[PDB]
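A structural walkthrough
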Amino acid sequence: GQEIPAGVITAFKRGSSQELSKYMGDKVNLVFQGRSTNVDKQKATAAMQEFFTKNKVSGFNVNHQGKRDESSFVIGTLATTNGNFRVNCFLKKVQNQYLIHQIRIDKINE
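Residues numbered from 1 in each chain as written, not as in the entry; some residues may be left out. Heavy atoms only, no water. Residues with missing side-chain atoms left out of burial classes, pairs and counts.

Method information in the entry identifies X-ray crystallography as the source of the structure, with 1.4000 Å recorded as the resolution.

As structure tokens, then:
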């Protein structure tokens, strides 16, 4: 739906940085193992492309989705060749669409 576009979920299922880029805000706070780097859309897309190449994705399960006013989130588990990662995406309404402004990715147990 509007708050969590199906395409965001499909992008993660496919390990597609190019699909994901469609839903990114002008700046995205990427958090890998707790280190935050707030970068522009192009650099965020490149960082996700590297992440998806290093850790080849076989699937993505959505665990939770939600909304609070003009903010939304989706939390899921990404299965990869190097194990599972929890993905936490935070979106906010910009004009008439919800765009990703933070992606936190943490390596988790199987």
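More follows now that the structure is in view.
In this fold, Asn84 is placed in strand 5 (residues 83–94). Taking relative accessible area as the criterion, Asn84 reaches 19% and is therefore assigned buried. When residues no more than four places from it in sequence are discounted, the contact partners of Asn84 are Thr77, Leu78, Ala79, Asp106, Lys107, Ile108, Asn109 and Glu110. (Helix = DSSP H or I, 4+ residues; strand = E, 2+ residues; numbered from the N terminus. Buried < 20%, exposed > 50% of the residue type's maximum accessible area, 1.4 Å probe, protein only. Contact = heavy atoms within 4.5 Å.)

Our focus in this paragraph is the pattern of salt bridges. Per the stated rule, a full pass over the model turns up five salt bridges. Of the charged contacts, one joins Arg14 and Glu19 as a salt bridge, the two residues approaching to 2.8 Å between their closest N and O atoms. By relative accessible area, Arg14 is classed as exposed at 58%. Its relative accessible area of 27% is what places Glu19 among the partly exposed residues. For the salt bridge of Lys43 with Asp40, the shortest nitrogen-to-oxygen distance reads 3.1 Å. (Salt bridge = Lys/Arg side-chain N within 4 Å of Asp/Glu carboxyl O.)

Right, let's talk about the sheet that holds strand 1 (residues 24–32) for a bit. Here six strands make up an open sheet; going across it, the order is 2-1-6-5-4-3 and the pairing mixed. Where the open sheet ends on each side, the last strands, each with one partner, are strand 2 (35–40) and strand 3 (57–68). Each adjacent strand pair in this sheet contributes to an overall mean axis angle of 20°, direction not counted. The strands touched by helix 1 (residues 6–14) are strand 3, strand 4 (71–80), strand 5 and strand 6 (97–108); relative to strand 3, the strand with the most contacts, the crossing angle is about 155°. Packed onto the sheet, helix 3 (residues 41–54) meets strand 1, strand 2, strand 3, strand 4, strand 5 and strand 6 and runs at close to 45° relative to strand 1. (Pairing = 2+ DSSP bridges. Axes fitted to C-alpha atoms, helices over the stretch in contact; angles between N-to-C directions.)

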